[PDB]
Every structure is written in C-alpha cells, then in structure tokens.
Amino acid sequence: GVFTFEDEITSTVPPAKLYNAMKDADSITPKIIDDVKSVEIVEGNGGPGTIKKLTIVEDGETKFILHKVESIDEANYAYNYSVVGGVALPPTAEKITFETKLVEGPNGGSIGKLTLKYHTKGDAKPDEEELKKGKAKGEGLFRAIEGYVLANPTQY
C-alpha cells in the first residue's frame, strides 16, 4: 500500500540560496548534526539513481541509512529521494519517499513543502512511532542546511 503525508516548513532564506545549500547537504550535515558521522556516495553521480550511505551514531552504536535519489528539478527547487535501507527503514516498509519543493514565501523567504510517501509491503501499515522519528530528523535536517546558510552568509 501507499500512505501519504503532507508537511510544510518556513524559512527566512530565499529558495534559490536554500536550494543551492541543499545540493551541498552531504558536506553540511556531518558538520552541524552530531549524530551524523559521514555521507558517502556508494553509486552514481549525484543525479537520479545515486545511492548514498549515511553513517549515524545513536546510543554509542554505528548505524547506516541508505538514500536513493529519485529525481531532481532545479528550475522548480525540487528534489525527490527515498530511504531504501538501514535503520530509518522500518521492517514493514518497502521504502519511504520524500518529495521536496521550495517555493517563495511571503517576504522573500521560502516555504519548504514535503510530500511523504510511505510504501508498505502488501497489507502492512506504517508505524506511528517511526513517523514521529523520521519527521523530527527530517525537520532537523532542513534546519541544519538553513542554520548553515544563515551562519555563513557569503557562501550562498
């Protein structure tokens, strides 16, 4: 089955800058977020089909999160990717897709729009707990790229 969720988050940063900063996420994230040790490209060029391995330390234990880039649309500040393995993929989930768009806010900031597609194995249903966890970690990630841009004005 497929379960869909919609969320929005706001920022002071204009979408073009934020979107450029999001392209640099691989280097930004381990700097800002303590639990993130590294982001490695396993397969691909950054574009669609690229398979990334995130290395996380939680409760002193090293764990891996696997991301697959689904599509990119630079003109529309749009970026689609999937959790396709590791600790962030619950056992009854095939994959969890994050569809991302930034649009200009009122006041020349951004509104980041998220569409979340939770793909279950057959009859299975998504875990409320894991959703809470994914949503908190996702929002923090957005904040890490934002905090970064805000803290380094000249770079974007």
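Numbers follow the displayed sequence, beginning with 1. Here, rigid core means the biggest group of C-alpha atoms that superpose within 1.5 Å across both forms.
Asker: Fitting on the core, do the C-alphas of 36-44 or of 93-101 deviate more in 8 other deposited structures of this protein?
Answerer: When 36-44 and 93-101 are compared in 8 other deposited structures of this protein, 93-101 lies farther out.
Asker: In 8 other deposited structures of this protein, superposed by the rigid core, which stretch departs further from the shown form in CA positions, 133-141 or 10-18?
Answerer: Result of the core-fitted comparison in 8 other deposited structures of this protein: 133-141 deviates more.
Asker: Pick between 40-48 and 55-63: the one whose mean CA B-factor in the entry is higher.
Answerer: Comparing averages over the C-alpha atoms only gives 40-48.
Asker: Out of 94-102 and 29-37, which one has CA B-factors that are higher on average in the deposited record?
Answerer: Between 29-37 and 94-102, it is 94-102 that shows the higher mean C-alpha B-factor.
Asker: Going by the entry, which third of its chain does the Cα temperature factor of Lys133 land in?
Answerer: It falls in the middle third of the chain.
Asker: Quick one: classify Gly108 as lowest, middle or highest third of the chain based on its Cα B-factor.
Answerer: CA B-factor rank for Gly108: highest third.
Asker: Quick check on the deposited entry: does the C-alpha B-factor of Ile72 sit in the lowest, middle or highest third of its chain?
Answerer: For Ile72, the deposited C-alpha B-factor lands in the highest third.
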